[PDB]
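Chemist:
Residue numbers (the deposited numbering), protein chains in the order written: chain B, 0 to 180, 185 to 400; chain A, 2 to 180, 185 to 407.
#1: Which residue wins for smallest C-alpha separation from residue 286 of chain A, given the options A:300, A:51, A:368 and A:277?
#2: Taking residue 186 of chain A as the reference, give the member of B:22, B:71, B:167 and B:314 with the closest Cα.
#3: Would you say residue 371 of chain B reaches chain A, if we count a Cβ-Cβ gap shorter than 9 angstroms as a contact?
#4: First and last residue of the beta strand (DSSP E) that includes residue 87 of chain B?
#5: Assuming residue 315 of chain B and residue 390 of chain B make a contact with CB atoms under 8 angstroms, what is their CB distance in whole Å?
#6: Can you check which of these residues, B:361, B:266, B:376 and B:17, is closest to residue 203 of chain A by C-alpha distance?
#7: How far does the alpha helix (DSSP H) with residue 200 of chain B in it reach, from first residue to last?
#8: Say whether the segment 118-138 of chain A touches the segment 147-161 of chain A, bearing in mind that this needs 3 or more beta-carbon pairs closer than 8 angstroms, one atom from each stretch.
#9: Tell me which same chain residues have a C-beta within less than 8 angstroms of the C-beta of residue 324 of chain A, skipping the five on either side of it?
#10: Which residues does DSSP list as the beta-bridge partners of residue 328 of chain A?
#11: Between the beta-carbon of residue 184 of chain A and the beta-carbon of residue 180 of chain A, is there less than 9 angstroms?
#12: What residues in its chain sit with their C-beta under 7 angstroms from that of residue 282 of chain B, if we drop five residues either side in the sequence?
#13: So residue 45 of chain B is in the beta strand (DSSP E); what residue range does that whole segment cover?
#14: Would you identify the three-state DSSP class for residue 177 of chain A, choosing helix, strand or coil?
#15: For the alpha helix (DSSP H) that residue 354 of chain A lies in, which residues bound it at each end?
#16: Say whether chain B places a C-beta atom closer than 9 angstroms to the C-beta of residue 159 of chain A.
#17: Quick check on residue 394 of chain B: buried or exposed, where buried means 16 or more other Cβ atoms within 10 Å of its Cβ?
#18: Could you tell me whether the Cβ of residue 114 of chain A comes closer than 9 angstroms to any Cβ of chain B?
#19: Taking C-beta pairs closer than 8 angstroms, name the residues in chain A that residue 162 of chain B reaches, listed in chain order.
#20: So for residue 168 of chain B, helix, strand or coil by DSSP?
#21: Alpha carbon to alpha carbon, how far is residue 37 of chain A from residue 58 of chain A?
#22: On the DSSP letters alone, give me the boundaries of the beta strand (DSSP E) that residue 29 of chain B sits inside.
#23: Using the three-state DSSP reduction, which class does residue 16 of chain B fall into: helix, strand or coil?
#24: Sort A:29, A:15, A:6 and A:10 by Cα distance to residue 248 of chain A and report the nearest one.
#25: Are the segment 101-114 of chain B and the segment 44-61 of chain B touching, with three or more C-beta to C-beta distances below 8 angstroms?
#26: At a Cβ threshold of 9 angstroms, is residue 357 of chain A touching chain B?
#27: Should residue 169 of chain A be flagged as near chain B, meaning a C-beta pair shorter than 9 angstroms?
#28: Taking the C-alpha atoms as reference points, what is the distance between residue 289 of chain B and residue 328 of chain B?
#29: Using a Cβ cut-off of 9 angstroms (strictly closer), state whether residue 137 of chain A contacts chain B.
#30: Identify every residue that forms a DSSP beta bridge with residue 121 of chain A.
#31: Beta carbon of residue 354 of chain B, beta carbon of residue 317 of chain B: below 9 angstroms?
#32: When you compare only the Cα positions, how much space is there between residue 320 of chain B and residue 5 of chain A?
#33: Give me the residue from A:348, A:385 and A:381 with the minimum Cα distance to residue 194 of chain B.
#34: DSSP on residue 397 of chain B, reduced to helix/strand/coil?
#35: In angstroms, rounded to a whole number, what distance separates the CA positions of residue 89 of chain A and residue 51 of chain A?
#36: What span of residues does the alpha helix (DSSP H) with residue 111 of chain B cover, start to end?
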């Protein structure tokens, strides 16, 4: 039914490369192309994808096929726009058979012909590589001295290891959104983008098929985009501005969606600090020496929109019980009035921030330690080196 | 030790324990259950035995069962709120889909140990089986209130997609490896994801001061190691270490307070320098934006290497001015590029437009130059925004900006 190894090795002259355009967030333009293996068989252009991913095929015959596709690709690039990036898949297991010399030579051959080496983006999967990371790293680090870029593919799929990835110090991380097709996957992208920001790697999102995938990509550090939604593979290079208009309008909308969401959260914060300021000022006029009193009085005076309320000093010591709210009613929890919270990620920073601003503010959304529901906590500066804290549920309106 | 010396002396086998410490109170919250054998009048590890590949599972399970039962017996005497950390081999566990082990757990549920006190530590590094099959029985175990800890995070088992899918109650981070480089960045991203999904961090193998320091500054909720308390055969007083930890953390707090304010102070003094420069250069001067930054660059020559301006939506209003090998250059092509996809970009505009002050970004890697930098963001008139990138050569000669 489908292609046989022998169908390809017999018809090696029919083999050709295809190209898929990669687009940028910056200029919403064609930044480069991925070179893909193809074959014209029985009046049909079909994929060499499985052929290269088949372990039954002797490796020497693979190189001879890949060699032809690459030489054609790079010939196409010679007579095109000289700043285009060239995205190529290479098997690191196959590449190591000679320490990547013949491949580097091939690339070195094209530099002399007219292609700067820094245009080459070499796509690789670290979890398919057997043998020492240190041995591979030095090769790629030697590769890097010529400006050859290293992309790492299929992040977090089978034996994917963030530590071995970070060490390879890649120029580019390739992310597919297949495990998105579901609440928790956006935190994964969020953490990845921040990691990539620290280690100095750009994010390319691939296999973008629908509009929501492009949005998720754009709002999680995506610098480069690829997929059917943008452009399918073809044997011809496209105009560099094909999708400029489409994408310019689509990004403006993302920008606008994101700005509004920030306005809302800020608006609700200012309109919450108001409710808390009035209550704090109106009740700190009455007998509540022990701070434990004030809390259970404050919890009642908020519009049934609290959760947990407690006070701390500048070194994170809780000198107040908890006033937990379950089923729209109070609970007093003296037990917690002896804990240190300086270990919590942003705690100390906030205390400091509150002595400068002299204003309250919300944290970002995070999972509540005891319940597990998404919350924000409002921090309020009290008189005499003290700080009020208010845990606050979803707002899943 | 021969596996035969262990198997025929199955009676000498015993559990040991290592305390795990709370961050809030500085007290013991549980004990990891460790396997030992008294052989030739000396306590020895059973680790080199549970690792051995030529010993059939029949026999590993026989020993494991003896240890666990003795330990849960010991727990039945101690405090009713102590956590029980048991490191269980996923392959051994999955031989019967966890059935028998859960059966073992239910028996002690019948004797008065609430299932929510159990912390099942899993190591997915070793797993030969179907991975979503394991997560299936792990999700099932959770329906009884059992807590799930994932092991070797950051190093061998460092996959975000997988942590999130399981969403475990605990992440155990080993700190031997520490003895920022790549590793600290990986831990940092894991730390964030954990705050978002509700997994507490347990730092184990703490055997020095800088490791305890590290755990505490990096969201560590629980701590374990030689530095704190070595493994013994007996439970300790629950406040055994409260005083040593209480003061040792105060040093950490004061060192961090001092560290946070020095950065904050520098940002303040930086803002004043830039405010003078802009207002001075812009006041009574009729020249365009691109000409303005070229002049700003020269005024700030000693502390920057890139300067450019953008509007409310991230559109760059100017080309770049760029300092390459000590001489400023002008790159017009950067005009009209959009930066809104960068993390924090729209958030920062929001902050500037409401705070009406400028500020330093945190340390991040410059994509072009390849060095750790900081960017300074400044709000100007007419909803315009100024960005000044600082070179590593400037940061390192300032106190505390790395």
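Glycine included, each C-beta is placed from N, C-alpha and C at the ideal position.
Modeler: Looking at the atomic coordinates:
#1: A:300
#2: B:167
#3: yes
#4: 84-88
#5: 5 angstroms
#6: B:376
#7: 188-202
#8: yes
#9: 295, 313, 335, 336, 337, 338, 339 and 340
#10: A:333
#11: Position 180 is followed directly by 185 in chain A, which means residue 184 of chain A is not present among the coordinates.
#12: 301, 304 and 305
#13: 43-46
#14: coil
#15: 350-360
#16: yes
#17: buried
#18: no
#19: 155, 156, 157, 159, 187, 188 and 191
#20: coil
#21: 18 angstroms
#22: 29-40
#23: strand
#24: A:29
#25: no
#26: no
#27: no
#28: 23 angstroms
#29: no
#30: A:87 and A:149
#31: yes
#32: 54 angstroms
#33: A:348
#34: coil
#35: 10 angstroms
#36: 100-112
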